Every structure is written in C-alpha cells, then in structure tokens.
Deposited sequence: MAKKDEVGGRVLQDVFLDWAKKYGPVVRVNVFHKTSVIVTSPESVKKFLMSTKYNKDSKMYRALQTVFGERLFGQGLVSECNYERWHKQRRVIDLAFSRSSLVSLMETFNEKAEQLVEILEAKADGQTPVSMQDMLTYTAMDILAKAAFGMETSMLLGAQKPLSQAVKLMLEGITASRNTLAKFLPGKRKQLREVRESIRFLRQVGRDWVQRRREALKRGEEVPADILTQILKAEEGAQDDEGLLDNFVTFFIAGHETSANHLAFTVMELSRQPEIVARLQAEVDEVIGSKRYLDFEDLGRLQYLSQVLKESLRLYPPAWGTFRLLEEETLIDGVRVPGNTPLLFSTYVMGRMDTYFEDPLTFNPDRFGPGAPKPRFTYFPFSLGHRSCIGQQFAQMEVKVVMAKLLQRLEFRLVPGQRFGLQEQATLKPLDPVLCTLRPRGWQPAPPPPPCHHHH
C-alpha cells in the first residue's frame, strides 16, 4: 500500500519528506501545526498538477473542471457558492426520506439470504445502496441496482475507477473498455440532464436538489460540458467513498464483538424497532458516530489532499522550493504513535465524551474551504444505513477474508467483505 510507505518515511525521516506520488514529486507534511497553516487558509489552494490527470482520463474527459478538480480559487468559489444551496440543513432534511427507503430495501434483500451459509458480497451490496441513495437524492432518478437493475451502468463505474487506478499509478482491451465507460457515464448525464429540462419545459415543479444547483451554476454557458463534469463529479463522489467507508466499517465490526453489542443497545435505545429513522434521532446515535469516526481514522477512503507551495518557504526547519505540491495525509497521521496512542487498535473511545478532539491530526473529510461539501450528507446516510443493519442483522465474516486495504481510485477493503448473514 503506497500510503503505508509514506507512513514509514514520515516516522523515520520526520515531518517534511520529499516523495514520488503518482509519478510526480511532492513534499509530505505531517506536523499538525503545518496541517492547520496550509489547510485552514484561502491563501493556499489546490495544485492543478496533481488533479490534472483526473480531469481527462485515457484521452477522454472525466471530471473536467468540476467542484473537486477545479484548483483555481475564483472558478471554484463561484460554483461552490451556487452548489452550497443543495447542501443546506433543510435540503438534507428533505433527503432523509431517500436515505430511509434505500436502507430498508438493502436490509430486506439481505434478510432473505440470512441463513448463515450463503456468502454475500457486502462491498457490492453497499455500493449499490450508496449508488441508489445518490442517484435519487441528487438527480431524482432511480437506478435500483439493489433490485438487480442497471448492470451495464455499474460495470462502467467499476471500469472507470480501474482506469483511474491505471492512470495515476504507473492492456489494450482494458483501454478500449475504459474509454467507452467514461462516455457512458457522461451520456447518462446528458440523458438525466435532458429529463430534468423536459420536466421543466412541460411545466412540472421539481424538488430542489444537487442537480438544480449544478444546472444553476452553468447558467448562460455555451455548452453542457461543465455541467457533465459536475454531474460526473457528484455521481462518483456521492456514492464511492461512502460505499467504501461503509464496507470498511462492516468488515472491522466482524471482529469487534463487544463494540457491536453497545451499538445494538444504542440502536435499541434511540430507534427501537421503528422503521423510519427521523433526523432528530441521528444526533442521539453518539456511539455509532464514534465508531464511524474511528473507522475513518484507520480507513479514510480519501487519504488526503494536495496544496501548491508557490514560494520557497521553511516548514519545520526544512526549506522547501517553490512550485512544489504539499501532500497531506490523514491516513498517515492516523497511524503515527505520536498523535494516536496505540495507533493500530480500533478504539471508538478515542472520540468519546470529554475526550480531547484530535487537533489537526485527523481529517477524513479534509479541512478549510476545500473540505468535503458532502460531509453531512455522508454522515447522515452512513448512520441511517448502519443503524438499520444493527437493528435487524448479525454478520459473520467468511473464513479466508483478509483485513487489508487496496490503494485503488480510493482506499477500499482488499477483500469484498464476504459474509454469512443471520437475523439478530
């Protein structure tokens, strides 16, 4: 795991280490005093050199200049202020119905296979769930991958992400398969953009969401190319890392029996046997919130971020040249024994009440102005999904499944989290 190499270099060579990342030179910064300085200021912005390859993948345009890949502060800020409207409190409150429908459906499908003998890929099951949640909450479209639909669309998503893995971490049938998949995603975008425009044209009123603001941001634009970039941006970002985070948690909780019981007890305490989980109930799931926090310390699907150091400056006694990308890693900091006592132990108590919150040593959703706009969206959906699983099902991991990480397009479980299921 490439990130695990950076960890050893940070522990051995100090808080300022020059590295090769995605065949580019960068400097890894691991002091929490330096994490604050660069991530908490508008002065420092993203380095276009590191995000450049994701904008266009294998000669085919992918993320473009969307909310993530746009490194120029001005172009990013204009669209951020518009897209922000889709992530308001009441905007996310209106998405609670969506979070609930999909979690409930996921559980029943798993409940029908719960015999304690039938292997079920939890990585796939959670991916479909995360995909269904996003497609509706963001675009008002149902993909129903959980019900076995949209098989070609999911394949394309997989291949695209493998194409990402081959692009930044460096045979012909794959190249052919990837190029088609990126077109497919953008073609779906065009179709879903046309469905909303036809709905608006025919007089219909549509509920405010993510799609509404990414259309609003590109108002008076010559073409829909920027809108597709933002469509791709959210289709991927709004399901992928949430799917991996869920998969990591389920995998780890298979070997944490004591933790599962208090999770169940809480689930029994606040949500009981109730089918629909309300918004006010989410904030009462404090221990679940803690367990998910620890899961993100050891297994952040997005390991960190890149800032551009424009002028040669001294960081922690080490002088770094200008035009250099600064690498920041919450994965690395999460596993260093100088920030976290006994780093490799899954201990949810780390984030308990009265316990000092990590000070610039833990940033799964990043920090500052370029932090995750979908943080609350994700935290809401993963509480809802996990709470329902804890209500209804007990999981036993299939013998032979490992507990490792694969550094792919994001960080995700090595094995697809195969489990035999049984009712609680």
| property | result |
| --- | --- |
| Missing CA stretches, deposited numbering from 1, N-terminus first | 1-10, 181-187, 442-456 |
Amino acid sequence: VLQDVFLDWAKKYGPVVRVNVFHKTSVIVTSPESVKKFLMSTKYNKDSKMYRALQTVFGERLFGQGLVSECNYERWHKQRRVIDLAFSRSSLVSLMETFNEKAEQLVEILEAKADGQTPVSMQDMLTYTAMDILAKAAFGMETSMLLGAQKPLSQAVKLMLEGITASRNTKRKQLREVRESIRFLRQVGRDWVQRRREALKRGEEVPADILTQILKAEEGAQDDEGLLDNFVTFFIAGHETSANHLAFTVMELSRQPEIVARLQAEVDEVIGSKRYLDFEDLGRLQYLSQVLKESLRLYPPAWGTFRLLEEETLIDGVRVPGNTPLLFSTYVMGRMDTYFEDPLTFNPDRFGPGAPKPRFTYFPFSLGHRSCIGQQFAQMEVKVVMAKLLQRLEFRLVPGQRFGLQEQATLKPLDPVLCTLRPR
From here on, numbers count along this sequence of modelled residues.
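Rigid core (definition): largest C-alpha set, two forms, superposition within 1.5 Å.
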property	result
Of 326-334 and 150-158, which departs more from this form in 9 other deposited structures of this protein by CA RMS after core fitting	150-158
Farther-lying stretch by C-alpha RMS in 9 other deposited structures of this protein, rigid core as reference, of 202-210 and 304-312	202-210
Per the entry, higher mean C-alpha B factor between 339-347 and 156-164	156-164
Segment of higher mean CA temperature factor, 264-272 or 323-331	264-272
Residue with highest C-alpha B-factor in the PDB entry, from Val382, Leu397, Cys372, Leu39	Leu397
Which of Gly354, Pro300, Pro119, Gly220 ranks first by CA B-factor in the deposited coordinates	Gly220
Cα B factor band for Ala208 (lowest, middle or highest third within the chain)	highest
Third of the chain's Cα B-factor distribution that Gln376 belongs to, per the entry	lowest
Third of the chain's Cα B-factor distribution that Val193 belongs to, per the entry	highest
Within-chain third of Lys201 by Cα B-factor, per the entry	highest
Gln105 - Cα temperature factor, lowest/middle/highest third of chain	lowest
